[PDB]
Structures are given as C-alpha cells and as structure tokens.
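The data below hold one chain only, encoded as structure tokens and taken in the form deposited in one PDB entry.
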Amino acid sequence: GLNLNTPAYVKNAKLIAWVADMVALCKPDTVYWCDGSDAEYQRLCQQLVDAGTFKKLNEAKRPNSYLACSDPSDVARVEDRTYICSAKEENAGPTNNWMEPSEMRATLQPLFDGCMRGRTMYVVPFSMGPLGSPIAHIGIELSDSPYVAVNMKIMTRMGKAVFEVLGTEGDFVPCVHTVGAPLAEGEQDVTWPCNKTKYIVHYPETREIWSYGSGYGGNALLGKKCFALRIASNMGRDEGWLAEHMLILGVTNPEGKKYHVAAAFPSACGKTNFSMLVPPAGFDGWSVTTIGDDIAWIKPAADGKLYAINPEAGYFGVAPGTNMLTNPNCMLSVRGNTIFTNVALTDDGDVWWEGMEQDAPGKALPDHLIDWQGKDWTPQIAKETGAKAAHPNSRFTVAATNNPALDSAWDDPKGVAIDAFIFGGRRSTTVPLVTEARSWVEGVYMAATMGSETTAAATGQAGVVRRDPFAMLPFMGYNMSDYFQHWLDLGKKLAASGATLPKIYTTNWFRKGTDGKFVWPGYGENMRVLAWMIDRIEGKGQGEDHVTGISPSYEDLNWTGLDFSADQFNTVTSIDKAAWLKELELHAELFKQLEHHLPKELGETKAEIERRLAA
C-alpha cells in the first residue's frame, strides 16, 4: 500500500484503515495530513499562489488575503446533482433526488477509481461544534484540493487537535472529495480544476459523503451543507434535535435585556446581513451580536427552552452588495485574513464587487478592473453590456473572530435560548413585511409553505418563485413531510413543560415596486422589525389580527431616523385577498406533492386561512 505518512498523533486504527481504502481507490500520488496550524495555512496558500489558483492581494490594502477565480461551470451549488441515497426512496422524499444506494455506489466507484492520479490527497480533520464538546461531531474530509483545505481551516475547527478528541476508538463522518480532474505525468494543470460531471451524494445509513467534480464551497466543504445540514438533520430526527438553515443572533435593548432569535432565509436571501446588522438611527442603546450566519443545531431542554449552537467557525458569505451602509460589520470582517472567490481585482491589488461603489468618491465605479473571468472591465463595458466585475455568487471566507459584533457565546457549547424564530423568502409580491403566527402549528404552516425566488447561489434560472420549506429545500436530509411532523412534535414537547413557546414570524424584505426596485430599504432598517418582535416577546407590543397572523400598525414601529411614510408602510403590510388566494393554491400543489406522511394540521390550518379570505 501507498505510504500514508500518518502522523504519530493519529491513534485511531479504524480511521487509518479507511484512509488506506480510499487511497487505494482514488490513487493519489501522495498523502498529506493537515495539522491545521497557521504555518501550514500559509504554506498551502503559497502552493495555491504557485499553481495560479490564488493571487495574493496587496498586503497594504488587504493583509494576508487571497483571490481565487473559478471555472464558469463551477460557481454555485448544483441541486440537480445532489442526492440523498437513503435505503428507501420514501425516506428521501419528493424534495430530494434519490437513487438506490448500491446503484449509486456502482455509478461513483469508477468515477473515484483513480480520480486523484497526479495529485495529493489532503487529509482534513475537522470538528463541527466546539472541540470535544458534548454536541460536537468529528469528520474527516479527504480532498485533492488545497483550496478546500484552506477554506476548511477557516470554516471549521480543523487539524491535529481533532485526533485528541477522536482518540483510539472515536467515530467520524467519512467524507471524500475530488475535483474529478486526474493529471497525467507531465500534464500541466489548470488554475481551477473541476469536471463538467458533478455528484454530491449522501448515504444517511452510513453517514458517507461523496463529492465529485466541483471545487465550489457549497459542493466541496463537506462539513457545511453536506454534514451539518443534510446528514445532521437525519440524526436530529432520530435523536430529538434540529439542524436548520438558520442564523443565530443576540439582541440587547436599552434596558439591558438580551434575547436570541434564529432566522431561516434561503440561500442569498439575507441571513448574513441580518445576523450582524447595525441598529440604525433611533436605536441608541441597542446592540446586535452574531452567534452564526448559516447553520444552527437546536434541541429542547427540560426547562422548556430551545437551545441553539452554531457548529461552524467562520462565514462563507455572498460578496456583492456588501458595503459600509448595508453591512459594515462584514466590511470590517473582511479587512484581512480573508479568502475571496470570483470577485474582481483592482489595479492596486485589492478586491472589488458590485455595491462597493456606494462607499466610493462620487459613488463611482472603478476606472478599470479585472473581472472574475480575467477580462478587462470598465464602467463603459458595464454600462453597455451589463458585465458584472464580480460573479453574483462570489464569496468571501473569513473567520468568525474577525467579526466586531461576534457574540461572546458564539462558541459556547451550552447554546443560547431561542426566543423567536423567523422565516422569510425572497418575494416580490404577496408576503407582508412581518407577521406573527397565532400558534406553533400556524407558525410551522408558515415555514412549511413559504416560497422564495431562486438566486445565483445555485445554478439555474434566477428570479423564479418556488416552494422552499423552512429554507431547507436544498438541504433536507430526509422526507420533508416527516420533517414537518418533527417540528410539530417538538412544539408539543415544549408545551408539555408548561413553558410559553417561541414566537414564529414571517418576514419579507423584498417586495418590489412597479419599476422592479425594493419598496422596503432593508438591511440596517430591518432592526425596526426586529424591535417589534422584541416588544411582542415582552408582551408590550401591539398588533392587528389579519388573515395570516398578527402584524404591527405603523405606530407600533420606531421610525426615528428613517423617512418611511404610513402609506409606504401600508403598501408592504397590506393583505391582498387576491394575492393570497393564488398563494394558497400554490400551497395546495405543494401538499399534493408532499402527500405522503403530510401532517393533517397543515391542511386544517390551510382551511382556516381560506375561511378568513372568503369572509
């Protein structure tokens, strides 16, 4: 067998044998075990610079930061190539792509057979959740991509410290990744190796994750979406907890009372910006802190509360639109020690993306840039062709500790108590600004039936309304109808303690006017919606009952510092009967597709909403 170069601190015989089997299959030239040190990170970055995958940015403008640009075919998630290969198809559900496990194993085995020829297999040990904590889970990702290795260092607890927790007998999540571009001897590589054929496959029975053909973070950082959502949602279903596509934030009012909220928005629909928003004018004495921006693990306790942890260690966030007005905490976070992917390159060796001109002199575009495809870019080219300097799904990768608004409990394994949930899709019509569910069941209905317009975070036509229950359409690890039942059973467990359940809200920042522009300013101004939620949590906020729940009146929000009239508020909060009749018919189509094991409570809630519309 090939020399594994197993470090002395790896004491797990079962792990070593698994690496041996995977090395025998993928046939890498060499094997390197990542220790996760800062020194190793710098060596791997220099190796990426040598390969042309990375360009080191200007140390004076963006210290210890790098820029990568990808193949145009490998810029986002590929949902059609993502599979849940459960033993039974009914345990994948209509929202997932299924294939018989042995049939998929026969499909992938020749693809991974020799996939790493001419490359180095990097062994990437990582922990999701704080190292050695009772809620943490350890995985090992084998990858032939140093880009994956350095991004995993930022996004997870990565390296040799994992093996101290694993010991001689600890179990791990087996993760295999390849760019699917084996190299012949003497063959020159490309700067972004990938394959037109891609597979992202999950075997829930064995917790195996197999990724082929893509270097993009969503497809290749196997601890993130593949384990911490798809695999972990299965485990939580069996063990009584949740893995959710949710940010976690803390918010403290001027009276010193602190609350925590978890919000599920679909990919590229506002989680990162909300999770670290800065309270605008009129909110002196308020503070917003970040626990996480993408994934939450949640379980109930005996005290009747729901406790949430963020299992990740960094942010892998959409770049375009970020500036000092929309998200200054993020701007400050990516000041250094950041990996940028598919943004533009300035003449001075800095990065640039659409939206940064809002902080520029005269709010003007840069005179010249090199776009994410390596082409010359000018304001004239952009004005005449609409060419974007940064890809719409371009990303930054940055450690959570770079965030000035990072909550002191961001890595507390005890978690934070969730006082309210928020669900919200990208909807140009229909959905009002904010609505409070009348009960846990009606809140689960809200989350189960939410829709959202597609974004550049996955390949395909953007701007199309689709059902995205709980913002988990691309990430649910089992049948979506059983997942609905899981949320309903959780609420009953909480209610049996005698506790008051967390409120559930539906939000929409994205209503559009006749010109296609957003009616609600959003970003920092979303604090005015969050503050009403806090009022409702304290029992001091008023609201009016309407078809889908309780909404604030104009006088129930704080408008200090924002010129937003009562007429504008009426536009984004009015319940339009015709629009919601059409929307409920789209709910019925969803329920038809999800008929198997669909909870009866959802059809009962729908019938109640239909009555309120026909009243």
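Under this definition, the rigid core comprises the largest set of C-alpha atoms superposing within 1.5 Å between the forms. Just count from 1 along the sequence shown to find any residue number.
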Original post:
Counting only other entries that model residues on either side of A458, is it left out in at least a third?
Top reply: yes
Original post:
On average, which has the higher Cα B-factor in the deposited entry, 184 to 192 or 476 to 484?
Top reply: 184 to 192
Original post:
So 411 to 419 or 82 to 90, which one's hotter by mean CA B-factor in the entry?
Top reply: 82 to 90
Original post:
Whose C-alpha has the highest temperature factor in the PDB entry: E453, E436, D350, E141?
Top reply: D350
Original post:
At the C-alpha atoms, which of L584, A51, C34, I550 reaches the highest B-factor in this entry?
Top reply: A51
Original post:
According to the PDB entry, is the CA B factor of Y147 in the bottom, middle or top third of its chain, that is, lowest, middle or highest?
Top reply: middle
Subject >> Chain-relative CA temperature factor third for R395 >> reply: lowest
**OP:** Classify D576 as lowest, middle or highest third according to the C-alpha B-factor given in the PDB entry, relative to its own chain.
**Re:** middle
**OP:** Taking the chain's C-alpha temperature factors as the reference, tell me which third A68 falls into: lowest, middle or highest.
**Re:** lowest
Subject >> Entry-reported Cα temperature factor of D294, expressed as the chain third it lands in >> reply: lowest
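The same protein also has a form deposited in another entry, omitted here; what follows describes it.
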Original post:
Which residue, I140, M356, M446, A268, is displaced 2 Å or more at the Cα between this form and the one not shown after superposing the core?
Top reply: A268
Subject >> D576 C-alpha relocation of at least 2 Å between this form and the one not shown, rigid core basis >> reply: yes
Original post:
After superposition on the rigid core, does the Cα atom of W98 shift by at least 2 Å between this form and the one not shown?
Top reply: no
Original post:
Is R237 among the residues whose Cα moves by 2 Å or more between this form and the one not shown after superposition of the rigid core?
Top reply: no
